[PDB]
């Protein structure tokens, strides 16, 4: 007697389990048990993953409903699962999205300067260097402070909420609320701080005092800052970290991008496609009975969209495990999701990784792992897959 297949399959972010391809082939929508004990449908083909993500009847909002089958425990207030809907309802979606593009004057230079400064410090200190804790995450953190308009020196404290905020836990996490409430208070103070005039929080601080937004809650303004800082920092830091691994493990690609940095955008797009940073399928709750492949998903059931199921689907990306800079459909992966909840920070996330990689390859053209790959320690029960340290030499 066997138990129902458990998700997630593996917290390792350096390789996809052979099991995913067998699952996709045999049962692209399959029942699984999540860490809470709930049952769910795990969708692992490109076609079915896009179907689910493009059908809003598979609702993100409704995953927060009391009594729903859960992937993991909420680490935010339930109304925050509807964060982008709340932002849209408040009339803030266009301004938010405009503030988080990589387009602001000087932002890319700041990113480059920050990356180069981080790297110089690593070079000064001498190998081995930890490229997660001492490069990718600080770069993500610095970027998001700059984007939000908040002091760089406030970044580390906000950052250290994230090892708990993005836990994938069977049970509510006491520290998540402590940190959430504290971080909200911080962002509320930011909105009241007259020195904060730039970035997302500077713009929100002005809109908050504009009569066209006088009935938007202060809670939502503060929430936008906390949520965009955290989702952005965890996602860019984790993605860049695991992209660096994939790059370091491909010396020929490393050398090609070092030699021809104009291919870095195509290389990052493939690193996005093969990225295993999201540790769990994206969750959605059926609000109707909906046919997905051979399964009639019933109203109230949980569906988990396995990004790497889609992104390594050979029917969509031939030779899926190979980084190919000349694919005909290069941005068609689901690394940034798809549909209603497509990542609003996609461009910023691309540029963060492009600039970080560009700077790394210039400063450390010899970069290599300083430990055997198997020695990386993969964070467990977390919504991202990340090695706790990424020791390199160069």
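Numbering follows the first chain given and starts at 1.
Average Cα temperature factor in the PDB entry - higher stretch of 359-367, 58-66 = Comparing 58-66 with 359-367, the higher mean C-alpha B-factor belongs to 359-367.
query = Mean CA B-factor: is it higher for 215-223 or for 105-113?
reply = Taking the mean B-factor of the alpha carbons in each, 105-113 is higher.
task = Tell me, please, which of 120, 301, 185, 171 has the highest C-alpha B factor according to the deposited entry?
result = Among 120, 301, 185, 171, the highest C-alpha B-factor in the entry belongs to 120.
ask   = Highest Cα B-factor in the deposition, which of 78, 283, 293, 314?
value = The C-alpha B-factor peaks, among 78, 283, 293, 314, at 293.
task = Consider only the C-alpha atoms of the modelled residues in this chain, order them by B-factor as the entry records it, and name the third containing residue 279: lowest, middle or highest.
result = Bottom third by C-alpha B-factor.
request  = Select lowest, middle or highest to describe the third in which the CA B-factor of residue 1 falls within its chain in this entry.
outcome  = Answer is highest: the recorded C-alpha B-factor places it there.
inquiry  = Is residue 138 in the lowest, middle or highest third of its chain when residues are ranked by C-alpha B-factor?
reply    = According to the entry, residue 138 has a C-alpha B-factor in the chain's lowest third.
message = Among the modelled residues of this chain, does the Cα B factor of residue 269 put it in the lowest, middle or highest third?
response = Its C-alpha B-factor belongs to the middle third of this chain's values.
task = Sort the modelled residues of this chain by their C-alpha B factor and say whether residue 325 lands in the lowest, middle or highest third.
result = Top third by C-alpha B-factor.
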